[PDB]
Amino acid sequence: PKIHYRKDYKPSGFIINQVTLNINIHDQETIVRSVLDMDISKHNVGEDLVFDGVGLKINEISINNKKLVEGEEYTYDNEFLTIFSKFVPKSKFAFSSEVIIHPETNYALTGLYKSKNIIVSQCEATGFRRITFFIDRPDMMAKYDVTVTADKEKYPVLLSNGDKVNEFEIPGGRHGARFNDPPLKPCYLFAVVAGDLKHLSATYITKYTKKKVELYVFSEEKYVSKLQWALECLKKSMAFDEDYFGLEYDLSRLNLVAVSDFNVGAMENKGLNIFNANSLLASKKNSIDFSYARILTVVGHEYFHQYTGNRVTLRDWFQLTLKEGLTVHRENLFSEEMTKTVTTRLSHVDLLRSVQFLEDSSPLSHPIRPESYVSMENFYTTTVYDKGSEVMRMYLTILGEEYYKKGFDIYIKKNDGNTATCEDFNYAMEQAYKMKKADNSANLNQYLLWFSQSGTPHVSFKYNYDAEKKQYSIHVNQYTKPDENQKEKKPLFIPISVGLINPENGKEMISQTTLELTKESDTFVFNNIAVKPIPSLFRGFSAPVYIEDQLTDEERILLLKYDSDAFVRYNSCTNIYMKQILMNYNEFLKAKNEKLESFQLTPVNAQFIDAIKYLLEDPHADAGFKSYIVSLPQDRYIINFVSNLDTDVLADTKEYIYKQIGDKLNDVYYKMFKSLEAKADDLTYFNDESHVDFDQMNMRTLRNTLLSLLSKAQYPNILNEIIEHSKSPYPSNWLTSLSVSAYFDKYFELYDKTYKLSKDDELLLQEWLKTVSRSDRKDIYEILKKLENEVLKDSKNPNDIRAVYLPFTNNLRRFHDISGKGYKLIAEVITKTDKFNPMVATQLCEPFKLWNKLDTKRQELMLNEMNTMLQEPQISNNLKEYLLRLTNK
């Protein structure tokens, strides 16, 4: 089990200048021929020539057209091809090989594989070695000349990187195409596609050089009508990079291709981006609302990779966050600008603080640049991606837009066409920092700790106001808990965007201010503060930290009502809920432990409920934001604040609090649900796929959130509304009608209705599966068995498997059933899935990530299942490594 260390990076003793590929696709096999034009590098010390090559069937190997002898001149163990140095030339030479591979039976979906009737590759991170021999690491830059041949009837459309320079017929109903891609690239950016693809296309003209760029979006013929939004998003992405960053696309053509079987969301292969169909295809009739922001972000993300990933590349995989964190940040700026809704930024924070904070306090905790790895496939984490994006976003907060764009331009200008490391980016920002501070001695050396230090910092506050002096003080402290990566944590450079609200009239008291906390603690003093303010802290969520604001609920309510910053309002509400949750949780826990016959619960704050009512009734307030304030914090956010969490007690706590608020506001909820209908469900542009209205979709989110609250509350006659809702043309609505009907006798009736609506669209059916899986049903285990026997069956499609099982794992009462039956079920699925797709098997482990945070019985139940999984003789390296780290073994 080899461990790779970041400090051990050394350049290869070899060079690969040119790759010439012939990929010959046949019915039962694919033959790959490869000529590598190679050289000896200056770092060479006479070593053996070792290629990566996984699962390759060798027909022959040669050096300079001389066939090599197995055993005497090379060995191959199905992972590494070793050519003994004595047979390696000392100057420029040609290495060639012909191997056989089998996309048809490649169910792991890495390397070359068959998705339905499409042949497609996935090479990031270590997939190219499953196609042919290579020194499979991102610093090996080469030119590519690729020929693909196949049966013309089955695979009429052939695609690879670069320019298609020849097309030709072949005897036997076959045909070929040759693509030449002269610019250097790492092998993980190579891609090929063959299939019966249909397309939409458009011509984009670049802003500055006026180059015409051909845009193609591809799917199977059945869903070609679902391609329109993707095309619009691509156009939007190119414009944004041009307008914000001044970056134009440099190639003559860009292809997007949707496939049904894909491990993640998408992949940025140069000129040939490949997508999970669920992140490229949509139509108003056959998609839930969520698909529209999803496609916008994933298309945007892959496009922005063209610079941050494809033109400036990684030296080694340890720099992953430099392309992933930076590209997520670029995608976030894009989406906020495109949606023009505050819920876009709130949704990313909601994700970070639930899922990534959980990871960062688990045994899997790591910095966004790890010091080591065993499995590259487990390196792609919410930490590297989403905390990475927050660290990338803090440069913009610190510098402001103008100097940030200057720093970013320095980075692209200085590293375009080269490999780079996280340090190169910090250096570029530092130059901006210098300029901004008008001080050549300013540096961002401390900033680098954001890359190396794991764990979530805690930032806490105390305040002082001297009325006679008009002087306000904010005392700030930062603390990161020691963990397995650092025994001693150092103070970070933490930018704290702040405002001061006058509690008397709700007005801003100071101009925009970012506090630069660089010590363990500091005191920030403000003069000429006319009245005691309420501090608006970490506006926009300006650092990825635990915020402990030490405000009263009265203060949080005033912020919630009157603050200008969406995140601080949302967070003040979040904090009011958390105080209530912790208090009620302990009251329920104590009653349970002491087996009390009677006890008291502390009611929800009445002025809080009044403030929620005030905001809901404000016709000028945002519907998206409203839906957040009537929702309790996520379970996986809550668990960060509770030791030995008893999931049953938390379920009871949430139920009490929702009932408390509903007892007061249900009439308001119903009234809004009714009044929102006309605007929310407007059908005016239902048949225009380029017309996407994010505010309107937020109005549906609010209606659907309210309907759920009303249904759980058993509001009088709400079943009437539920049944009418099931008749809506919008899938977000009629799938919502399915899950809220769970609390009624009509459920299986709507189950059958919505199934029939969903079954003839692959992606819609998967959304149906998710809805069923997430249904709040007492018979949920029997329902899941029904899904297995009747719908899922033996599908190896990762979208199907994830649809059936993952939403269910968020069922707090039922997945965590004290028998452990839920843990047993998911473990069976993980072990089953691991036989053909280790990557997705590891994704399916996600519910276990909080295992040591639960009550001691559930900890033991989960640990038992993970140890059972670890004991499987056939367990993959991928899953084994993950569970070993997760169980601290």
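Heads up: residue numbers just count along the shown sequence, starting at 1.
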item	value
807-815 or 171-179, whichever carries the higher mean Cα B-factor	171-179
Higher-scoring stretch by recorded Cα B factor average, 332-340 or 97-105	97-105
Maximum C-alpha temperature factor, selected from 272, 298, 765, 428	428
Which of 236, 353, 786, 129 ranks first by CA B-factor in the deposited coordinates	786
CA B-factor ranking of residue 82, expressed as a third of its chain	highest
Residue 212 CA temperature factor, ranked by third within the chain	highest
Residue 165 CA temperature factor, ranked by third within the chain	highest
Residue 859 by Cα B-factor - lowest, middle or highest third of the modelled chain	middle
Ranked C-alpha temperature factor of residue 579 among modelled chain residues, by third	middle
